[PDB]
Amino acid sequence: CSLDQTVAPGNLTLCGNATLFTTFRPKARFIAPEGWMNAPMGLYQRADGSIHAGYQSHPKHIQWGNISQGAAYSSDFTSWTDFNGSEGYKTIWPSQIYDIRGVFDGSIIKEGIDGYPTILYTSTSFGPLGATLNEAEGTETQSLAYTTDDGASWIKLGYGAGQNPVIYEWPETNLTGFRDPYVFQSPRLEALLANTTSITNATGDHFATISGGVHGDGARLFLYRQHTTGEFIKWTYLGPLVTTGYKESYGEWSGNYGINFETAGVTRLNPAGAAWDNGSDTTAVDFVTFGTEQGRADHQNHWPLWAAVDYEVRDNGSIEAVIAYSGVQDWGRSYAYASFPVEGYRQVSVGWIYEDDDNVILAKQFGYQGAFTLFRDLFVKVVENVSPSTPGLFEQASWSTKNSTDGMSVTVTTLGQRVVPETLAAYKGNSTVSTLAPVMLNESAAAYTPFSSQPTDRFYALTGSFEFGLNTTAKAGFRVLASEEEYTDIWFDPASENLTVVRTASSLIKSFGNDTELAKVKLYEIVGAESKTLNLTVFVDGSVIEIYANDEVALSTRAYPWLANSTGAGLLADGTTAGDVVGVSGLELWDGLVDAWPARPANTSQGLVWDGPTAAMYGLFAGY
């Protein structure tokens, strides 16, 4: 196996385990030391102000199995430190009959058992498990563990009656799934249910949703309420919070609701961030975020979605969350978004970016799979003075509209997402920053124009504001990870409203995915403006390309160019003329970003292992 990145790649399947560990590996984001990772879990801000982040983890393997919580902490979302205990960087693992098949996703009760931070997690045991299989009651249950050392270790409650698992009865029959308990406090829901507590006897200050669905009849988000304040064993099922139809779609801007929900959460936001009012703040909006399964032909059959909801109180003392408008949290190769409260009235969200090696051709050669997205502040995005002539505006698909008194302007409201400012500040401060001159893309524009300053490696950020004519048919954007022979093209086409990532030339290595990514972007036209603007930021981090548009649209994807010099970047232009011009300003390159794991060496592989012939006998895990 040759690792010569100045010539064409050979047969890389002949390479040994973890021989490509550093080749495509992100350096500026959250990632496990080695092996398999997927969903974020157990996210909380600790009493000292630091952030605890857990993740679904299978060390020394490159496929899912024995799924455990790996963990680390950070003071700024950006530079991280691994926990290191008796099980290395793991802090919760399968150990009891009720969770031996996997410690699935869970969330944090900040003041729980004996006042300690407490995780409510899906404990899995034997039997078919999946939305397309005939799952039985007991296979997925919900269990508690608490930490007396700020997340270095967790103590599970004992197995048995009145102890773990604490939630095991299916609330409705024939479930497709029953997992990912999301614990939260809600002055809003407490106020709404206050006149119904005689019906249910549930009066606790914590709620929990469990994600699932019903066979043949669509996804479900089940709402529970803590029965009594200060007591954590008894959780009372109120009713279904979100009910969607079998492979129902709200439209082109909204993905598809599939057959089963995963990793669903509930929050309330206002224009500044997190909202803690009871309903009295008229600017605040209730949101649900959730993954869906089997409503998509690609992207591992997975949509990470969100919806703004209006709560209605049922006669039986439960809540119906009626979808008002519905969108997509990320349009690319990411899933399993978790959100959590942070000091200063913030709600922060983070997801999992999977690889684009679905046939598992080079996974062993990597010696790892997966990374996190960047951490994102959620808020209510408000756009004022929107022109009613904005095409398709009143369809209100993933946004709401409110007319002015005179009907001549509109206020648009939607879900906002932006990278946490701690990360942006650290990235910019540690990078070599080049502020680039603005460019008019007209008849003289080449198809590709390299920036006047270039990156030095695969770790950089780009930003730019693209100003388009209201009736433009021109396309523009950014090319990244670019040499003459390999490059990844990020295009926006205002006429179609499509943001695409074309990956036909992303790599000489043909086993990686090369399909075109697509996001819809609505450019809300402002009253009196003769142009419309796309603010586009791109993070390039090893193989991750993470794109943000107008603090609204996110698209995470993967590119794995072989050649050492496939690091360049610049501007893309198509159909720009003397008449149809695209103006580009606010251009900056941040070269280098941040070393997110300063204590880790470059190669943190510990080798890979095989579970042996019994993996196939048990039939639970691939075994490698």
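Numbering starts at 1 and runs along the sequence shown.
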> Which is higher in the entry, the mean Cα B factor of 79-87 or that of 501-509?
Replying inline: 501-509
>> Using only C-alpha atoms and the B-factors in the entry, which stretch averages higher, 529-537 or 341-349?
In response: 529-537
> Of the options 385, 107, 148, 125, which has the highest CA B factor as deposited?
Replying inline: 385
> Which has the highest CA B-factor per the PDB entry: 370, 421, 162, 407?
Replying inline: 407
> Against its chain's modelled residues, does residue 257's Cα B factor rank lowest, middle or highest third?
Replying inline: middle
> In terms of the CA temperature factor given in the entry, to which third of its chain does residue 488 belong: lowest, middle or highest?
Replying inline: middle
> Mind checking which third residue 361 falls in for C-alpha B-factor across the chain?
Replying inline: middle
> Is the Cα B-factor recorded for residue 355 in the lowest, middle or highest third of its chain?
Replying inline: lowest
>> Can you tell me whether residue 606 has a C-alpha B-factor in the lowest, middle or highest third compared with the other modelled residues of the same chain?
In response: middle
